[PDB]
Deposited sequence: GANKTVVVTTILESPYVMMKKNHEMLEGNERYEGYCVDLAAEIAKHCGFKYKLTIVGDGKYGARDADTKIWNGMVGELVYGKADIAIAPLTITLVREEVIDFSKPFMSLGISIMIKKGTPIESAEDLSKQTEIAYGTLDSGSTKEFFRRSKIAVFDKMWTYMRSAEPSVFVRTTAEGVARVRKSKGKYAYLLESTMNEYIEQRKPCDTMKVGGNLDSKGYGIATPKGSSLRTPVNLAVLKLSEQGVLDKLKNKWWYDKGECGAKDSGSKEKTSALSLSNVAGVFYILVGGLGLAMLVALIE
């Protein structure tokens, strides 16, 4: 049998470098929710696997120029990896070129502010210019705003796409650092899962405000034609019904709390 190549991304608390990782080897370098999830899926499906961090550090978008997929989606589409086990958002355009399991986690786009910022809704953001705001590159959130027809959401896209300097960031960690460093002049649009994790991490200076802007899920992704597609989907549902997904969430979000795409 073949060792299954799992593309994933460095995103806390889903995948994280262990403390002394530089002397560690292979899968053992990494910890977190998706690292556990991978082990769970692989157990129930009976395969050996190798975690590989996505080379370009992106979730995945299709270049408008060349129509070439980057990120984790690209690794699957071009035969570089066999499965993606990541906080990878189920979308129509992605479903057109890869397969997704039933979701293992729900999320929605959300607003992160530095505590005390005078904002509580997307509409609030759209109606001012003092406080800048942006999203991750090459993910589902930027794409949600590029395509939304909803007034406020289209208004925000028109601002973000032309703002100088760039309001987009390469990594979620860069987005939070900006909110943290901007003395309240940068708000960050990100998935509620990541917002809710950051909110329980020192220095406890960020906050989720307002309700989510949309409703969707993360799913384990496979190349078209993969023999793994069905075994993995049934694995996800079994882990859901066994409470394991709830246990993993509590382990990596709240067991880990410090402040009580």
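Where the model has no C-alpha, note the corresponding stretch of the deposited sequence, numbering from 1.
Missing from the model are residues 1 to 2, 263 to 300.
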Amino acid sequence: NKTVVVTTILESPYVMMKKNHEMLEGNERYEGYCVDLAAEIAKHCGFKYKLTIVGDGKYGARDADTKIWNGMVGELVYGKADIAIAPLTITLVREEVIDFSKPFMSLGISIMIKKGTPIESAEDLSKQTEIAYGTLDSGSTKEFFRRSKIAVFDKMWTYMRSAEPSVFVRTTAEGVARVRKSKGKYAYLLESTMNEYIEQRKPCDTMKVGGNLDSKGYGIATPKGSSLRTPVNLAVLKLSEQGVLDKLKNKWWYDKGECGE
From here on, numbers count along this sequence of modelled residues.
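Mean C-alpha B factor from the entry: is it higher for 28 to 36 or for 41 to 49?
It is 41 to 49.
Between 84 to 92 and 119 to 127, name whichever shows the higher mean Cα B factor according to the PDB entry.
The entry gives the higher C-alpha B-factor average to 119 to 127.
Highest CA temperature factor in the entry: which of 153, 104, 133, 100?
If I rank 153, 104, 133, 100 by C-alpha B-factor, first place goes to 153.
Highest CA temperature factor in the entry: which of 108, 71, 165, 79?
By C-alpha B-factor in the record, 165 ranks first.
So where's residue 221 on the chain's Cα temperature factor ranking, which third?
As the PDB entry reports it, the C-alpha B-factor of residue 221 lands in the lowest third of its chain.
Residue 19 by Cα B-factor - lowest, middle or highest third of the modelled chain
It falls in the top third of the chain.
Divide the modelled residues of the chain into thirds by Cα B-factor and specify which third, lowest, middle or highest, holds residue 138.
For residue 138, the deposited C-alpha B-factor lands in the lowest third.
Ranked against its chain, the third holding the CA B-factor of residue 171:
Its C-alpha B-factor, which the entry lists for residue 171, ranks in the middle third among residues of this chain.
If you rank the chain by CA B-factor, which third does residue 228 end up in: lowest, middle or highest?
It falls in the bottom third of the chain.
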